[PDB]
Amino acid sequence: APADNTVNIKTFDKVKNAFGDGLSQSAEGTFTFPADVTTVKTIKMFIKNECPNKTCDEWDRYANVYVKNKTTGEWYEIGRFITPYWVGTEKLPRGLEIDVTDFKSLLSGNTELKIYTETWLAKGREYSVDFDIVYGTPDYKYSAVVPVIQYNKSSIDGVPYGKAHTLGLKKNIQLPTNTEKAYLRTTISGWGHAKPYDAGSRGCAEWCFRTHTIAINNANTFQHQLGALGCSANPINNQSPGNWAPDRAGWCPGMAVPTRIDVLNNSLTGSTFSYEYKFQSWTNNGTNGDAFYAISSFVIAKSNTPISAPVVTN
């Protein structure tokens, strides 16, 4: 049979995210992706950060990429990473890799993308992003994705962690009746060294290890352990003198923030069910700054027959 092909799509080419008068922390652009995605098996996004000769904002910054929903105009976070300290991603020839297959329905035709870095220096960060589309035979011909929650405009725009009440994490999701497979895609990272510290002088939410929970129809169904990823083993090991090696809770400097995939029960199909993201209980005493969990959680619906995006309500 004709060999299944892989197409590479180049979009951002050495774009700069920076902070300054005539500068911008984000860069957006429209790129042409093939129109038909019915045979797309995988899409890999590669982010190359060019930071030669300490020419960039040397801090380990929060950064992310979005695809625009052509009809609603809403930006969906397709990938998130923390810039390495001092250097770029040169240690990785193709750059940081994040699977964005879940968004194949949005990556068709002239598609608008946005890349942001929470950079506060004019030096900023420079990137080049390309995508590999691998065609073959996906088990499901059609897919639809919609965000359940997105508190991710920046690290400090994440959900405040440790306050008396934490609202905005509960929604209702309505899956199409023709849904054959459904699952959640979640990306969460913590900011801050808020007190009280955990043993080991670990403040929240950057350093304190936590396991969060997703409850479906009130039943605790999935668990998200934000533990040690093994930052010392990071291939981008040229980050010193920055504090790159110790483990943060669920992330590392110079590494993509992990994508958590939770497969929903087929009994949920053709139903509206409750979704609730619950952070592990903690109370900020407010003596050492804030704590925030930048989070985006999407629900993907797949079927061999055309499927509309699931409906999310409060």
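All residue numbers are counted from 1 along the displayed sequence.
- Look at the mean CA B-factor for 31-39 and for 253-261 in the entry; the higher one is 31-39.
- Between 265-273 and 57-65, the higher mean Cα B-factor belongs to 265-273.
- By the numbers in the PDB entry, the CA B factor is greatest at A219 among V159, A219, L184, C208.
- The PDB entry assigns the greatest CA B-factor among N243, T117, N152, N172 to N172.
- The PDB entry assigns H224 a C-alpha temperature factor belonging to the lowest third of its chain's modelled residues.
- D198 sits in the lowest third of its chain by CA B factor, as recorded in the PDB entry.
- For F12, the recorded CA B-factor ranks within the middle third of the chain. Only modelled residues enter the ranking.
- In this PDB entry, the Cα temperature factor of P138 sits in the top third of its chain's modelled residues, the highest group.
- In the deposited entry, the Cα temperature factor of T283 sits in the bottom third of values across the chain's modelled residues.
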